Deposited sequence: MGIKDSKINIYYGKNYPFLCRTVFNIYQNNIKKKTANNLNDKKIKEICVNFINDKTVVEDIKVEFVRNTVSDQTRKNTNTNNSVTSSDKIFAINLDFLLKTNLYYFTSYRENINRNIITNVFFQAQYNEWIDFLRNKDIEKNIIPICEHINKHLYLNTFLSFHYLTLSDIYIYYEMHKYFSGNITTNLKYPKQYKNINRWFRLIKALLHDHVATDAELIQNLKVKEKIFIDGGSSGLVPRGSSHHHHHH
């Protein structure tokens, strides 16, 4: 039993990692249960309770969940290649750390668009935690739900192509949640 308390921010990355773990169990045929309780007394990050509590963030505690749940997104199920990726994910964390995403959306997209010119995935040649983290950060700009944001997919074709790929890969794990989906629409309201 692990309890994750969230407030204004919903842990999309942690929820997605947990959903992937659940579908891995349903297809492999003791199990660890992670609960996502909404607490009004948390401001912008997540507090995680182990059954003591700690304060973390969605971008960072998802690394812990991948370790625990063996979802094969951050910890691979050679080591030097694994360690190299872990530093690459840290590069993406530092790239958006304490940056206003909306204010710096253009410089962010310019780097991602050029990065995806000859790259299918953000890291290596397979889906990683880096792809999913940036996917939710770019979701409000490239999902096409907000009509005002349709200029980003047309101008940045590589991001739009990559965005469609990650969306399709996550379809079997996130499209049925109806709680992750609910928080996605609220975040774009």
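Unmodelled regions of the deposited sequence, numbered from residue 1: 1 to 6, 36 to 44, 67 to 81, 108 to 115, 228 to 249.
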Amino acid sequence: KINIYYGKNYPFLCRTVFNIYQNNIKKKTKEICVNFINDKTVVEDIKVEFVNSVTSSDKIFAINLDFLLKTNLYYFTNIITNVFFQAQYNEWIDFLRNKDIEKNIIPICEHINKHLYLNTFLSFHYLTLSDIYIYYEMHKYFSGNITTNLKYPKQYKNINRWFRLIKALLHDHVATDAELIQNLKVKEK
From here on, numbers count along this sequence of modelled residues.
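Just going by the entry, 157 to 165 versus 144 to 152 on mean CA temperature factor gives the higher value to 144 to 152. With 34 to 42 and 59 to 67 compared on mean CA B-factor from the PDB entry, the stretch scoring higher is 34 to 42. In the PDB entry, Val51 places in the highest third of its chain by CA B-factor. Annotation for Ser123: C-alpha temperature factor in the middle third relative to the rest of the modelled chain, per the entry. Looking at the C-alpha B-factors along this chain, the one for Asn98 belongs to the highest third.
When the CA B factors of the chain's modelled residues are split into thirds, the value for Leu170 lands in the middle one. In the PDB entry, a CA B factor belonging to the lowest third of its chain's modelled residues is recorded for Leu13.
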